[PDB]
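Undergrad: experimental structure below, sequence on top.
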Number of protein chains: 8
Amino acid sequence: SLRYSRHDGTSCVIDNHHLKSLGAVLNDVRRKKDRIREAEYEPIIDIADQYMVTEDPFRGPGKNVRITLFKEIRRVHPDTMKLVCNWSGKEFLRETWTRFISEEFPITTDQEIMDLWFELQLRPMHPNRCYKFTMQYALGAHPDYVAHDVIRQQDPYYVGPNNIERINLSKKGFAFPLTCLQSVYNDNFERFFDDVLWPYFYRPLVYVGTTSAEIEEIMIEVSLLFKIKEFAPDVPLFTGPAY
Amino acid sequence: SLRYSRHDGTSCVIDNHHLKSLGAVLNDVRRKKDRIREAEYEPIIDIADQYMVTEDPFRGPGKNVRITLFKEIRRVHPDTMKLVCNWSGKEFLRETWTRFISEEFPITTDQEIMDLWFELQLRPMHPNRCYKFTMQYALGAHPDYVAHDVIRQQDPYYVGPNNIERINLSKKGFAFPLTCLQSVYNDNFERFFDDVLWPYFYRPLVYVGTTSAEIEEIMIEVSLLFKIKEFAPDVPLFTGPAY
Amino acid sequence: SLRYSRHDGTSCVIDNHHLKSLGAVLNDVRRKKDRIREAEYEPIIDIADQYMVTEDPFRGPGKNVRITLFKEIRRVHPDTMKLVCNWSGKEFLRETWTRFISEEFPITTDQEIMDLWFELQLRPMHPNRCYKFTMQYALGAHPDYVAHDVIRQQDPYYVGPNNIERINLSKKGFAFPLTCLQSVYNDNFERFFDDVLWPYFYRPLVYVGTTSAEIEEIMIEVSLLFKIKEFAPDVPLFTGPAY
Amino acid sequence: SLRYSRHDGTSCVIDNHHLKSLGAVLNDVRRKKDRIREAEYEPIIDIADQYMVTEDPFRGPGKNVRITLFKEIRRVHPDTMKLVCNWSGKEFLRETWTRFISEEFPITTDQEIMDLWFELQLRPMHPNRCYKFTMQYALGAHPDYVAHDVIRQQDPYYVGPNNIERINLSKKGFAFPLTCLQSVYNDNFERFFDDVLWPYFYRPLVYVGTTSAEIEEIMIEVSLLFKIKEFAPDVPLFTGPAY
Amino acid sequence: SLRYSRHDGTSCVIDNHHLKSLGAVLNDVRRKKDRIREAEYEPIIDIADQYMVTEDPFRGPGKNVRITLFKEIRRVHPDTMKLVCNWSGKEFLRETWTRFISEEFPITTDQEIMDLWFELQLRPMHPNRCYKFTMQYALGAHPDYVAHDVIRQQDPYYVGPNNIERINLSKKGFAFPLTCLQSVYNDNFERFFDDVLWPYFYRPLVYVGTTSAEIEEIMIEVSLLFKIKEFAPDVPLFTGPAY
Amino acid sequence: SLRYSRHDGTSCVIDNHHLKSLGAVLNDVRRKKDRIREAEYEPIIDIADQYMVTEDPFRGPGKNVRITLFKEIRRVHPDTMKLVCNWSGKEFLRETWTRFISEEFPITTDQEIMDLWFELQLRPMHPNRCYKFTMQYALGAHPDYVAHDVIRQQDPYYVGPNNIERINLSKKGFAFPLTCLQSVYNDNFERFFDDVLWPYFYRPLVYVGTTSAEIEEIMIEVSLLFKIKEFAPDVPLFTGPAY
Amino acid sequence: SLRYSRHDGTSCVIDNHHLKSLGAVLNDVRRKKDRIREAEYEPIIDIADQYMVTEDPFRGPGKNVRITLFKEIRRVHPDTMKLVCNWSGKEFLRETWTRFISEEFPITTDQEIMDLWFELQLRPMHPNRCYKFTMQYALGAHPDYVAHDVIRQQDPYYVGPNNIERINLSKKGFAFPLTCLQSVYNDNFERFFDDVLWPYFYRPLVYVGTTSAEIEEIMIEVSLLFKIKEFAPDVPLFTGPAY
Amino acid sequence: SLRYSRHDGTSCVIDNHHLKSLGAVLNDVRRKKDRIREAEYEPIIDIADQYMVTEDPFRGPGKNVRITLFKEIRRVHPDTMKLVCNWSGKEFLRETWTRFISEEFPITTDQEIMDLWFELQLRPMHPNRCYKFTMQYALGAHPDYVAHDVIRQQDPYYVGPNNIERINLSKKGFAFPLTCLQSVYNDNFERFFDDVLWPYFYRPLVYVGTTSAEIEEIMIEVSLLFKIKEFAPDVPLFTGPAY
């Protein structure tokens, strides 16, 4: 915070003559100098404004709802990665539908699920170590294909600075409990499952490794992160009967 | 502009000896210093070149065709947003097809519609105010779902600096009068409508608010902005008969 | 002027994701850095705000009315100053009252004369010279005291950069045609003169010199500068009869 | 605050040899460099010391006693100003004498009123507005002159950054309850009024406007601010009888 | 001083070709760069030129005549101030008239006393102390009011850096031996005293303290400082008879 | 240009006290700082003033008279240069005398030809190329020596930044139509030619190439540039008879 | 060298949208800033471009041919210089003609000797010394004048940083084996000598000293340095017969 | 020195208002900025204050008494060092005791010899040389061991910038004429010698060389430097008898 906002100093009148605080006058001079510098670089900004950057989805619009799923420890050898989850498509749908619906009900407002993200969050199990986390994934395969429990690292994704990676699971492929802007209806998992076209094909298979030259022991927290926009009317909630 | 481009100074020869302008020689020295600095930071740029940014679609490739649709005034209470449009899917398609085709015909070149954007452009109705604009939207719902006229603000999109927001309406969902690279054929709205699979489901529902602590009065201009790439041959237009 | 005010760049939405112009984001970063610097120096400004400076009366409040009186040439020897005017108190009052009233009538608004200033404005009569102007003055004396036409310079006032000096003639001493906030009444010079208590005592005696080591030839323009504040009602002027 | 004042580091003696902290020695070196810079700019300060600035009267010597008088709301059209007060000279004296004497009694010390200031303090009645305040005033007029309630703005005083203007009411013109350095005597308003020579002539007439292009609603707090210097002896207060 | 003024270098002609010193040419280049910078900040100065500062009266126009009056030692307790002088109005006038007239006669030129200043000059009586001086004053009181010899400090004036304070004694209140621009006449103290209207009311009562937390011993030199402008004609002084 | 020259701000006098604009006072402070810096580097300039540079003859004294001679296109292979002109000494003298005399007559003032320069001016015949121009020359040879039309490049002169090279043809070698400071007499080419001692020996043979790795097509403009100083008396031209 | 020239980064297209490398975009921004700075200083360069400097003849056009002549050791006392060579004019011509012709034959191309330079190159004969070299010379004298072997130093030439001095021997005075642009003819020294007008008058007499306060021992290498421009046609050399 | 210490500017009082010099106010602002910077780096100094440096013993506490012993010239070959002194232990004690006692008597105060230092001071015997001095030493050996007069240099001590090296001779090993804090007694060399336990073992053997690649001739001054602290009472010296 500031002390005076930007209303520093004052003014008074003596014998028709007008006095103003010296520090405020010096700010006016310095602000004029800055205003001149703002105009000198405007054409430079116009060059930079040929391009755009993307707002962080998790700090940006929509609320975050973190449906944590499970925790797990793995020990990973150097230059390898270990599989984090090996659910079938049906088991992943059971967890997706069951954990979100039971956590969120009652859903009392119209809302739309903007995106579904698979969240991998990693932390060391020992102090005084120095290394970074890597990641690889796939999202679909023959239902009778069983993934290797451990693979060698090859051009992996490098996990970001806070040791979190979030992978978007697009509506193309992965089914949401709430498709569009809607109120909830009566629903159940069997209805949900039956209306998914390819329940057994899509399922996140995620691997985790490090950049260490020794074995490291890792704690993993896995979550589904829903981005949600609500459409709550500007009206009161009354006890029945109303009025 | 510059005065001399970068051809400052000159040269002459006196008694076999070659003279060159002092200012040009001082530029050669300064350019060598800069060249050395360019090489010192090259490895730093290589780090930055691990990442990429996205060209502004409206300043970038393709031409812009702004099909303005209507204007509207709303008064919006603090912490709320008011609905801008409430067309059914059919009415939105009538406006989309009718306004674009009638504005653009005759379409005399092969062309492709790259993208369709919904443009929301906002301006204050009073001077001496200080506040910013916010936005929320949805794109589909049950045809018998009628959107709330006013909602409370919750994690909205913050409209950009020039008080314009443009929302992409992807070919996935929203139907275009010209699908691919094509010449025009004979067409009409009934043919168009009949070949859209889900005419009644998709329709932009957009809300507008502010960051003000008082009621504000807003003027809204809504447009469809088409990005178009043309394929005009390098040939003459002659009066018939040719040659 | 600027090109974009401070509304540089824009924003758009693609697949729920929000893009903003890179140059605008870089300005937001730079403005945060400046905001931090503004807070670091606030305590320094608080020290400077212990003192105050005075607004230029001629660029400040009240309008200026320059009643030019006469012009005059003098040649001045080094280290001396020559007298500019030698009116008695009555002759100065005749010029003061006559020149202001005749120039300003009709005076159609309530108004107050804030201050009366004696303006000395000097310009060289030869090019390619380099020197500055000096000034000395007195404001009252025995009516039978006649001032020396030329004096030696001793600790004079150094005229300011634009070769103008303006000396305040305070209501204490010098009589104004309009004393307070008033409408005009029927008036004449004899009424005015008779109501001045000491008409013969007060009169500006002003001398002019230079900082040159040679004789210089100077053109002098002498004026009375009135500072006036008007109280014009917010009402129409109609042709009689009104309504 | 600081942590160590300027007594950083220490010293010890080993085998006749004297050790001192490295950071303190580096400060001694840096202070010598600064001392050298202080001497390089001394002649520059001597140039600046040809001029002087004025200490803020309200942060400077004498105590402040704010006798608030009343509050008021005005709505002011663009380019106009509205009258704040329209008291006669007698009514202004009644408020001046009554409010100060009743607030301050018992006055138990010798003291002098240094100055009397008319304080105008302004604040917006709506949030999210951006504009500044302007002021105009007069101090005397025919007692049967009634000021216009609203005037058009013409070269006004621009109120200072904190939205306060303070206008000096000099002893020349405006009468004080305590004239010089004195103890209080028995006094009353009738005695006070009778000894003022021109009670009906002097009275502050103050107008307020803005720099806005819309109507704005303003809250006004008006006060008399007395600057007072006390002469309290360095002696005890005892319960009677003393000693 | 400089060595070459600003006439560094030279020029010569060889075979029609003109050579100039390299250092002078480099100054011409640097001066052009500065000239460009002078124009970049001109608009900033125009902002600062909205305000004005006041020339030091003692370094400014008019000569200084320091009529020292007396010296005095006081010991002052912390948070208190001791009275410096306690003359009646008549005794102060005797010292003012007697000391100035006897010091200055013969007064051989026309002159005007611009201002009269009361000078308080303070110096420590012990070395190796660190503290500053404070001041408070009054200028008039009932003739039978006797000032307290010691008062507690309350919002005092902080003496300036050189341990001098000078208080203006205006013609309004305090009588001068020479009123306006005049030659001297035959005069004496009785004539002077009799023509002062209120001889017994006005008299400077000045107090001195410190910012020390211990008792300090102070040496005080008190003077009247006259600012004088002379009007000496540009004529010879001859031995009589002239010519 | 500047707005105020260096006469920014002003001064006025209030109650003997002298006010000056704050921006002007801040310039005085900054100029003192610069004056101090000017003296710190004076000894450095004295080192640079041990050497001298040469004024551009074409921007320097004497007027320029460009007698263009012809234009020509050449295509030049990489690492080669092509001959620009192959006149005998007599043909070069015919062009030199004929083109200058016919262009300049009537020559109505006393004047001296300071220098004669051969001007080679080059420009590309295609856009979007990047290369520089080179030059080689000789000035005399056996009259029956015929120069090679194309030579390989070997340590050539690199043409200056503006693609002009000017080669001095000294009076030693090359004959001028006007030898010294003179009025014109009756003259003709035969008289001129007969008085040249070695008409057939001296003749500029100039070659042009590039720094390109491809063939380039060049447009060449060749001129004689005369530097002339005139001695025109300060007298009127009258219609005959005079007076 | 650089790694990427100035082609850093790349571009790709995803869903009509265009991405470019961040480092390249940051270079574009920085280059725009530099371009703006280039235009700010252009007027400053125009001032510097009033003057010119001279290209180093030995790094500049024409090839260098160093005909070393002899080596010599001298011991030189402080403040003195010793003679380096004392040839008559004939002996200097024998060395000049004989050493150049025998070194350079066969001369197979048309060429011109641009300049002849006398090269003095000096090196210390002891390590761990610190001093500089000085030079003085003359170029002609009565043939029966014999130069002093040692002279006292008086305003000498200070040899340049690399301990080489090169003195131009102009065609005016000193005769060249090849006068103009020519092929070689049959020639011999007697023919050459007989056609020199003043063989016995011109001869370089050069002296060498130091800035040391002790005796120093110096090794001297003396050479004639010819600057030569060749005119080699762009044609093949074939074995006879050609074609 | 400075001109004003840090008491620049002054203050005065006009109409209750307090003026202070502008340059002093600008210093107050700049000092506040510096005070803020002092607090920003305090934590950095705390890091540096983890370590300590040692006061130069010769500029530090205790007085210096330089008992010069002898002078000597040596010529030293490259990469070698020559012996400076070859005294036995007894001869070194004779010089140490005899030279100090005879130089210093009468010793009239209580005092302690803090340290004894062997001083080697070197200077070149020729000008215009560039090289540095090296040193090696030993302090004890078998009395019948005779040191080599010249040794090859191997990892020597590099003499400091002023060409002085001072080697501490500790009380452990080397005997002092005054052991502790004492008055002098009657003493002689035989008493001194007899009470030294190992007179023949300890003796400084010092060698000197250079970093030159040539022979150099060196002048050597060798001294014993005593550091002494005196305990002189604060009492008068009277002529006997006292009082």
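TA: Thanks, I have the structure now. Numbering: from 1, shown residues only, chains lettered A, B, ... in the order given.
Undergrad: all strands of chain A, in order?
TA: A:11-14, A:17-21, A:51-54, A:63-76, A:80-83, A:110-124, A:133-140, A:150-152, A:157-158, A:164-169, A:202-210, A:216-231 (DSSP state E).
Undergrad: would JSON lines of those strands with distance to residue D:57 be doable?
TA: From N, CA and C alone the C-beta is placed, and that goes for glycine too. Below are these laid out as JSON lines (distance: least, C-beta to C-beta, whole Å):
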{"stretch": "strand A:11-14", "distance to residue D:57": "7"}
{"stretch": "strand A:17-21", "distance to residue D:57": "9"}
{"stretch": "strand A:51-54", "distance to residue D:57": "52"}
{"stretch": "strand A:63-76", "distance to residue D:57": "54"}
{"stretch": "strand A:80-83", "distance to residue D:57": "75"}
{"stretch": "strand A:110-124", "distance to residue D:57": "60"}
{"stretch": "strand A:133-140", "distance to residue D:57": "65"}
{"stretch": "strand A:150-152", "distance to residue D:57": "80"}
{"stretch": "strand A:157-158", "distance to residue D:57": "64"}
{"stretch": "strand A:164-169", "distance to residue D:57": "59"}
{"stretch": "strand A:202-210", "distance to residue D:57": "69"}
{"stretch": "strand A:216-231", "distance to residue D:57": "57"}
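Undergrad: closest one to chain E among these?
TA: strand A:17-21 (6.8 Å; C-beta to the nearest C-beta).
Undergrad: sheet partners, orientation included, of the closest one?
TA: strand A:11-14 (antiparallel), strand C:51-55 (antiparallel) (DSSP bridges).
Undergrad: mind putting the strands of chain A in a markdown table, distance to residue B:94 and mean neighbour count included?
TA: Below are the strands of chain A laid out as a markdown table (distance: least, C-beta to C-beta, whole Å; neighbours: other C-beta atoms under 10 Å in any protein chain shown):
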| stretch | distance to residue B:94 | mean neighbour count |
| --- | --- | --- |
| strand A:11-14 | 62 | 21 |
| strand A:17-21 | 63 | 23 |
| strand A:51-54 | 33 | 20 |
| strand A:63-76 | 35 | 15 |
| strand A:80-83 | 53 | 18 |
| strand A:110-124 | 25 | 20 |
| strand A:133-140 | 39 | 18 |
| strand A:150-152 | 54 | 13 |
| strand A:157-158 | 46 | 12 |
| strand A:164-169 | 35 | 18 |
| strand A:202-210 | 37 | 22 |
| strand A:216-231 | 25 | 19 |
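Undergrad: out of those, which is closest to residue C:68?
TA: Across the strands of chain A, residue C:68 has its closest neighbour in strand A:17-21 (24.3 Å, C-beta to C-beta).
Undergrad: which residues touch the closest one?
TA: Under the criterion C-beta atoms under 8 Å, 6 or more residues apart in numbering or on different chains, residues A:8-13, C:48-49, C:51-55, C:57, C:60-61, D:54, D:56, D:157, D:160-161, E:51, F:14 lie in contact with strand A:17-21.
Undergrad: which ones are touching residue A:137?
TA: Per C-beta under 8 Å, 6+ apart, neighbours of residue A:137: A:157, A:167, A:204, A:205, A:206, A:207.
Undergrad: right, and residue A:54 touches residue B:51 too?
TA: No: using C-beta atoms under 8 Å, residue A:54 is not in contact with residue B:51, being 11.3 Å away.
Undergrad: return the residues of chain A in contact with chain D.
TA: Counting by C-beta under 8 Å from any C-beta of the partner chain, the residues of chain A close to chain D are A:4, A:6-15, A:18-22, A:24.
Undergrad: repeat that for 7 Å
TA: Neighbours of chain D within chain A, by C-beta under 7 Å from any C-beta of the partner chain: A:7-14, A:18-22, A:24.
Undergrad: in JSON lines, list those along with distance to residue B:114.
TA: Shown next, in JSON lines, are these (distance: C-beta to C-beta, whole Å):
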{"residue": "A:7", "distance to residue B:114": "50"}
{"residue": "A:8", "distance to residue B:114": "52"}
{"residue": "A:9", "distance to residue B:114": "55"}
{"residue": "A:10", "distance to residue B:114": "58"}
{"residue": "A:11", "distance to residue B:114": "58"}
{"residue": "A:12", "distance to residue B:114": "63"}
{"residue": "A:13", "distance to residue B:114": "64"}
{"residue": "A:14", "distance to residue B:114": "68"}
{"residue": "A:18", "distance to residue B:114": "60"}
{"residue": "A:19", "distance to residue B:114": "63"}
{"residue": "A:20", "distance to residue B:114": "57"}
{"residue": "A:21", "distance to residue B:114": "57"}
{"residue": "A:22", "distance to residue B:114": "59"}
{"residue": "A:24", "distance to residue B:114": "53"}
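Undergrad: now the two most distant members of those.
TA: It's A:7 and A:14 that sit farthest apart of those, by C-beta to C-beta, at 21.8 Å.
Undergrad: relative to residue H:67, how far out is residue A:126?
TA: 67 Å (C-beta to C-beta, to the nearest Å).
Undergrad: how about residue A:57?
TA: Distance, residue A:57 to residue H:67, by C-beta to C-beta: 84 Å.
Undergrad: tell me the spatial nearest neighbour of the residue nearest the centre of chain A, not counting adjacent residues.
TA: For chain A, the residue nearest the mean C-alpha position is residue A:58 (3.2 Å; C-alpha atoms, centre = their mean). With C-beta to C-beta, 6 or more residues apart in numbering or on different chains as the criterion, residue A:58 has its nearest non-adjacent residue at 6.0 Å, and that residue is residue A:64.
Undergrad: distance of that neighbour relative to chain G?
TA: 26 Å (C-beta to the nearest C-beta, to the nearest Å).
Undergrad: and if you look at residue A:119?
TA: For residue A:119 relative to chain G (C-beta to the nearest C-beta), the value is 24 Å.
Undergrad: residues contacting that residue?
TA: Listed by C-beta atoms under 7 Å, 6 or more residues apart in numbering or on different chains, the contact set of residue A:119 reads A:164, A:166, A:222, A:223, A:225.
Undergrad: the fourth one contacts residue A:68, doesn't it?
TA: Right, the one you point to is residue A:223. Yes: at 4.4 Å, residue A:223 counts as touching residue A:68 under the criterion of C-beta atoms under 7 Å.
Undergrad: returning to that earlier point: need the contacts of residue A:119 in a markdown table (columns: distance to residue G:119).
TA: Formatted as a markdown table, the contacts of residue A:119 follow (distance: C-beta to C-beta, whole Å):
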| residue | distance to residue G:119 |
| --- | --- |
| A:164 | 73 |
| A:166 | 75 |
| A:222 | 82 |
| A:223 | 83 |
| A:225 | 81 |
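Undergrad: chain center to stretch A:188-207: distance?
TA: Offset of stretch A:188-207 from its chain centre (C-alpha atoms, centre = their mean, to the nearest Å): 23 Å.
Undergrad: can you show me the CA trace of that stretch as CSV?
TA: The C-alpha atoms that make up stretch A:188-207 are tabulated as CSV, following Å, rounded to 0.1, in the frame of the first residue of the first chain:
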residue,chain,number,x,y,z
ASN,A,188,-26.6,-41.6,-12.5
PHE,A,189,-23.4,-43.3,-13.6
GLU,A,190,-25.1,-45.9,-15.7
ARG,A,191,-26.9,-43.3,-17.7
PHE,A,192,-23.7,-41.4,-18.1
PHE,A,193,-21.6,-44.4,-19.1
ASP,A,194,-24.2,-45.7,-21.6
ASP,A,195,-24.2,-42.3,-23.4
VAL,A,196,-20.4,-42.2,-23.8
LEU,A,197,-19.6,-43.5,-27.3
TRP,A,198,-16.1,-44.9,-26.7
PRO,A,199,-15.9,-45.5,-22.9
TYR,A,200,-13.0,-48.0,-23.1
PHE,A,201,-10.7,-46.1,-25.5
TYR,A,202,-9.8,-42.9,-23.7
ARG,A,203,-7.8,-42.9,-20.4
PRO,A,204,-4.8,-40.9,-19.3
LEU,A,205,-1.6,-42.9,-19.0
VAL,A,206,1.0,-40.6,-17.4
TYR,A,207,4.6,-41.3,-16.5
